[PDB]
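*Asks:* So the sequences go chain by chain: 1, U and 33. The deposited numbering numbers the first residue of the first sequence as 6 and each following residue consecutively. The deposited numbering numbers the first residue of the second sequence as 1 and each following residue consecutively. The deposited numbering numbers the first residue of the third sequence as 3 and each following residue consecutively.
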Amino acid sequence: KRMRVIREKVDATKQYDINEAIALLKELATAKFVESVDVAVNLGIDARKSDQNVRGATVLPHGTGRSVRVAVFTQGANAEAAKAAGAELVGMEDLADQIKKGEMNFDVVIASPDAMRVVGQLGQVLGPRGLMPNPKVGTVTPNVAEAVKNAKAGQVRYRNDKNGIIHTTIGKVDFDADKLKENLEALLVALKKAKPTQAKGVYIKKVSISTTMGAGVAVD
Amino acid sequence: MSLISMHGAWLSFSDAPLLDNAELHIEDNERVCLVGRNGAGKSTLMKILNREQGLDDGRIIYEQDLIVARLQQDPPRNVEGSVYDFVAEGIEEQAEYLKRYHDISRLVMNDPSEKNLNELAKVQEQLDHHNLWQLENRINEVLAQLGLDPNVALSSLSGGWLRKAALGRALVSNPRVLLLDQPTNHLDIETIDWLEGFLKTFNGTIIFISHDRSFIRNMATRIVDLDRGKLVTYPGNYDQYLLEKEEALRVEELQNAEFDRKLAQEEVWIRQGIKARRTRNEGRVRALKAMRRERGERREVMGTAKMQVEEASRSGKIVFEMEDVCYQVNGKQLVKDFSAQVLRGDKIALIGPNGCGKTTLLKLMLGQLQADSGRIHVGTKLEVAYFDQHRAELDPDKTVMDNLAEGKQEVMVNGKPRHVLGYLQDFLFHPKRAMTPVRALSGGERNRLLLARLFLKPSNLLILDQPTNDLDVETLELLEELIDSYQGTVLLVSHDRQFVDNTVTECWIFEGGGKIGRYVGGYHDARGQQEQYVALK
Amino acid sequence: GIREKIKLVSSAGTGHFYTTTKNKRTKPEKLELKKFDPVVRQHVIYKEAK
RNA sequence: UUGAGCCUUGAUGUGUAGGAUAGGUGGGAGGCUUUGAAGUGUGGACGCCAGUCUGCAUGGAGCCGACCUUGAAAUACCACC
Ligand SMILES: Nc1ncnc2c1ncn2[C@@H]1O[C@H](COP(=O)(O)OP(=O)(O)OP(=O)(O)O)[C@@H](O)[C@H]1O
Ligand SMILES: Nc1ncnc2c1ncn2[C@@H]1O[C@H](COP(=O)(O)OP(=O)(O)OP(=O)(O)O)[C@@H](O)[C@H]1O
Ligand code: NA
Ligand code: NA
């Protein structure tokens with residue numbers, strides 16, 4: 006239906022510019038929804054090698070329209086002061102799964118950079134989606150305000166799909182059209198700043214802005 | 001567009017070259033089968049790819065990140081552990097990325113420094129592609145996929161189960177390259193039937209050596225020879241290879257005779273009279289010198305090893321009699337109230353599922369372990385020849401000559417003891433390689449050597465626990481004829497079908513709950529009566 | 003001429019090797035002899051190689 | 001009418017639990033659907049046979065995410081795929 010109408014409304018085979026798409030992409034927004042944006046950039050890397058795999062940390066002011074209440078794990082009292090300063094719960098190290106018996110892990114990683122009170126669940130269940138904080142993406146730091154500032158600064162993680170495509174929330178279409186261009190510039194240089202060592206040909210293969218139930222346009 | 005490459009390879013122990021200038025090509029998601037006669041070097045190629053030894057003059061180029069693990073052909077000797085222990089030791093290389101991540105949290109248990117912050121990149125450098133987080137919820141996972149329990153002492157399992165453990169320990173690492181040296185040896189039809197779907201679904205790439213002419217057909221994308229130092233591939237189904245290989249053997253036999261024809265008539269000419277004042281061109285004497293030198297070449301026919309048994313005086317008319325015998329292991333019953341007789345010249349095949357007591361049943365007959373009840377009476381003029389499942393009667397370090405005929409010269413052949421060490425030439429052992437320790441021999445070579453010294457002594461009785469595990473069909477064909485014509489008693493154990501339709505005339509089909517059903521005929525006849533059983537209501 | 007030449011590369015890291023012969027068809031085991039390493043000037047364990 | 005690459009347009013993806021043949025990462029909550037279903041059978045096709053895919057007209061507006069009982073959850077755009 007609407008998919009049959011909209012399939013003529015876009016011409017995704019073609020190529021466009023950083024600005025000739027903002028109005029071209031919002032035409033599909035007739036549907037009543039939250040419109041959870043699913044921007045898509047195709048990356049050029051030998052994805053099925055290990056060394057070229059990259060994971061990123063970022064900060065954005067616009068946010069995503071839905072913050073994450075992620076608990077912090079630290080052996081002892083790593084959650085007794087940061088729990089009230091940017092966490093839904095202060096996950097005690099001695100009770101690592103205690104505050105989250107049903108949900109053993111929170112939405113976000115646990116910031117106990119000085120505390121090694123647990124590797125975490127001892128069974129990898131705390132790594133179901135990669136929640137162990139590491140210095141490669143800077144998720145490990147004893148300063149709770151670093152993770153506490155995550156809520157006030159909107160920390161977003163990157164993903165290396167088995168083909169090599171990064172997906173992130175943008176600050177869903179609800180917001181303006183210039184902030185999308187600001188958002189792209191943030192993720193552009195900061196991901197260019199995040200580029201690993203090995204590369205071939207171009208680096209950023211393709212760029213597109215889309216949604217789970219929203220059509221896209223090849224930004225370029 | 002390529003996975004493992006080998007160019008200009010060379011491998012030659014202090015002997016003729018195992019590997020000449022040879023090449024290999026491994027693609028994505030292919031099941032390649034290696035088919036070569038016994039002692040030809042299929043296992044040593046597997047050790048080359050697995051980064052284990054050799055390749056003096058050549059280059060191996062396989063990509064990094066390519067995890068390779070293999071399954072050996074002979075059962076291990078670290079048997080005194082436990083199943084979970086033996087299976088676990090297959091992640092030895094993965095045990096380092098696993099252990100550092102928990103270890104170097106101690107450096108970050110203090111203040112975050114460059115040496116402690118930069119570490120999380122290093123230990124998790126490998127982690128992105130691998131799983132590495134659940135190397136206890138995967139090892140225990142595979143058993144629920146396989147069937148073994150994790151905490152049973154592994155020095156106890158049967159030959160079929162011990163082989164299963166070695167197929168798991170080579171698969172915990174989840175390798176991209178699976179090298180299966182003789183996968184189906186002590187398995188039953190059910191295990192083989194299930195394994196034919198496990199490997200087909202398997203995502204990576206499989207290289208395997210199998211002597212099963214029925215397992216190969218179901219799973220072989222490409223087939224590889226490795227005949228006499230050179231390996232060549234072949235297209236089509238399995239039966240194509242047999243046809244194309246025979247042409248390669250016939251033509252090579254055809255050209256081999258022609259070369260001898262020239263050299264034959266070039267030696268009548270070397271010793272001919274000169275005549276009057278002629279010279280005898282040295283452009284032909286030097287060529288003959290090059291022909292005689294070229295005769296140090298490969299013998300195209302390996303030699304169809306010849307064998308013969310040593311019949312002895314007739315045994316008593318009753319070989320084994322056991323009634324009311326009921327032996328049961330702790331948990332389940334293996335034999336429950338048996339009552340059977342074995343007469344002279346009766347050929348019996350023990351068949352059944354894995355670990356159902358076939359090997360232990362023979363142990364009761366020879367009195368290795370004592371029956372719980374019922375009593376067993378043994379024959380009166382028996383000369384037992386025993387072929388264990390695991391060979392176990394040859395020390396791997398003792399020399400080939402001494403293990404054959406128990407460290408003595410003067411074998412007895414046919415009529416009278418007028419033979420010594422020529423008994424190897426009947427089995428295609430070169431007399432030069434007679435001091436080789438037995439551990440150096442290939443699996444099939446070791447199978448024949450144990451077979452050789454059983455047919456070396458007088459015997460009225462044969463017990464064979466899978467005598468044809470590693471033998472090729474050419475050598476297996478002779479064993480079918482030898483055992484058939486054998487006058488004395490024969491109790492043999494085998495998991496294949498074609499072999500028991502030509503040697504045996506009865507079966508003892510195993511059932512659960514310690515019950516043994518004795519049927520009449522070869523394998524297929526006995527299974528035929530087992531469909532039509534009505535069990536005496 | 004059965005015997006084949008081999009070399010014993012040092013385990014002390016310093017690129018160094020003695021060379022010798024070995025009857026490979028009667029000695030499947032690999033030699034491991036303790037011998038001088040003049041680069042490090044200590045007695046280390048020399049293991050077989052190409 | 002034939003053999004390789006593209007560009008989409010169409011379908012393919014069973015270790016098991018289990019709703020059932022269940023591809024990664026999605027990010028979500030609710031969409032679809034009425035240009036008219038659950039259905040009726042149809043026809044090539046599929047089987048690793050328990051099904052999942054669409055023509056063909058009669059009828060044609062009711063089914064799904066939801067709790068999870070899992071390694072990873074919902075045939076619910078499109079991203080080189
Ligand atoms: N370490 C060694 N030292 C010397 N000779 C060896 C060594 N390993 C194997 N050989 C010999 O070289 C050949 C290689 O044996 P290998 O085990 O590779 O045979 P195979 O083709 O796998 O045999 P099978 O078909 O019986 O399984 C054999 O003739 C063997 O006797
Ligand atoms: N030494 C032992 N200690 C404990 N249990 C044993 C021992 N040897 C065998 N068993 C058990 O006895 C049963 C029969 O073992 P056996 O070696 O007789 O098997 P099998 O019937 O010959 O089977 P397969 O064809 O698999 O070798 C199995 O349950 C096995 O685990
Ligand atoms: Na056995
Ligand atoms: Na072998």
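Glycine included, C-beta positions come from ideal geometry on N, C-alpha and C.
1. In the structure shown, what three-state DSSP assignment does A17 (chain 1) receive?
2. If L362 (chain U) sits next to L491 (chain U), beta carbons under 8 Å apart, how far is it from one beta carbon to the other, in whole angstroms?
3. Beta-carbon of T28 (chain 33) versus every beta-carbon of chain U: anything under 8 Å?
4. Which residues in chain U have a C-beta closer than 8 Å to the C-beta of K52 (chain 33)? List them in chain order.
5. Rounded to a whole number of angstroms, what is the C-alpha to C-alpha distance between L536 (chain U) and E506 (chain U)?
6. When you check each C-beta in the segment 411-442 of chain U against every C-beta of chain 33, which residues fall closer than 9 Å?
7. Using DSSP with H/G/I as helix, E/B as strand and the rest coil, what is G221 (chain 1)?
8. Within 10 angstroms of its Cβ, does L192 (chain 1) collect 16 or more other Cβ (buried), or is it exposed?
9. Counting Cβ pairs closer than 8 Å, one from the segment 444-459 of chain U and one from the segment 190-201 of chain U, do we hit at least three?
10. Apart from the five residues just before and just after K26 (chain 33), which ones in its own chain have a Cβ nearer than 7 Å to its Cβ?
11. Less than 8 Å between the CB atoms is what I'm expecting for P140 (chain 1) and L127 (chain U), so what's the real figure, rounded?
12. Name, going along the chain, the residues of the segment 7-37 of chain U whose beta-carbon falls closer than 7 Å to a beta-carbon of chain 33.
13. Who does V73 (chain 1) pair with in a DSSP beta bridge?
14. Cβ closer than 8 Å: which chain U residues qualify as neighbours of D119 (chain 1)?
15. Mind checking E300 (chain U): buried by the 16 CB within 10 Å criterion, or exposed?
16. Please report how far the alpha carbon of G15 (chain 33) lies from the alpha carbon of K200 (chain 1), in whole angstroms.
17. As a quick exercise: from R217 (chain U), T304 (chain U), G41 (chain U) and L3 (chain U), pick the residue whose alpha carbon is nearest that of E27 (chain U).
18. In three-state DSSP terms, what is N25 (chain 33)?
19. Any C-beta of chain 1 within less than 9 Å: which residues of the segment 92-104 of chain U qualify?
20. Output the residue ranges of the beta strand (DSSP E) runs that lie fully inside the segment 124-202 of chain 1 and measure 3 residues or longer, sorted by chain position.
21. Can you pull the chain U residues whose beta carbon is under 7 Å from the beta carbon of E6 (chain 33), in chain order?
22. Using only CA atoms, which one of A170 (chain U), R37 (chain U) and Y533 (chain U) lies nearest to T304 (chain U)?
23. Have a look at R31 (chain U) and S156 (chain U) and give me their C-alpha separation to the nearest angstrom.
24. Are there 16 or more other CB atoms within 10 angstroms of the CB of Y486 (chain U), so buried, or fewer, so exposed?
25. On the DSSP letters alone, give me the boundaries of the beta strand (DSSP E) that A385 (chain U) sits inside.
26. Between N24 (chain 1), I27 (chain 1), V10 (chain 1) and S55 (chain 1), which lies nearest to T202 (chain 1) when the distance is taken from Cα to Cα?
27. Give every residue of the same chain whose Cβ lies closer than 7 Å to the Cβ of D337 (chain U), excluding the five residues on either side of it in the sequence, and list them in chain order.
28. Name, please, each residue of chain U whose Cβ falls closer than 9 Å to the Cβ of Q203 (chain 1).
29. Going by Cα to Cα distance, which pick from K14 (chain 1), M121 (chain 1), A86 (chain 1) and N155 (chain 1) is closest to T35 (chain 1)?
30. Would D56 (chain U) and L11 (chain U) be called neighbours here (beta carbons separated by less than 8 Å)?
31. Check whether the Cβ of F13 (chain U) lies closer than 7 Å to any heavy atom of ligand 1, and answer yes or no.
32. According to DSSP, is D74 (chain U) helix, strand or coil?
33. Check the Cβ-Cβ distances between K54 (chain 1) and every residue of chain U, and say whether any is below 8 Å.
34. Does the structure place the segment 86-95 of chain U close enough to the segment 72-86 of chain 1 that three or more beta carbon pairs sit under 8 Å?
35. Say the cut is 7 Å; is the CB of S158 (chain U) nearer than that to a heavy atom of ligand 2?
36. Counting beta carbon pairs with one atom in the segment 402-416 of chain U and one in the segment 465-478 of chain U, are three or more of them shorter than 8 Å?
*Replies:* Answer, in terms of the structure:
1. coil
2. 7 Å
3. yes
4. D56
5. 20 Å
6. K432, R433, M435, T436, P437, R439 and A440
7. strand
8. buried
9. no
10. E6
11. 13 Å between Cβ atoms; not a contact.
12. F13, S14 and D15
13. None, per the DSSP bridge assignment.
14. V108, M109, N110, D111 and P112
15. exposed
16. 35 Å
17. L3 (chain U)
18. coil
19. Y101 and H102
20. 160-162 and 170-173
21. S14
22. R37 (chain U)
23. 33 Å
24. buried
25. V384 to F387
26. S55 (chain 1)
27. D324 and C326
28. Simply none; closest approach about 12 Å.
29. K14 (chain 1)
30. yes
31. yes
32. coil
33. yes
34. no
35. yes
36. no
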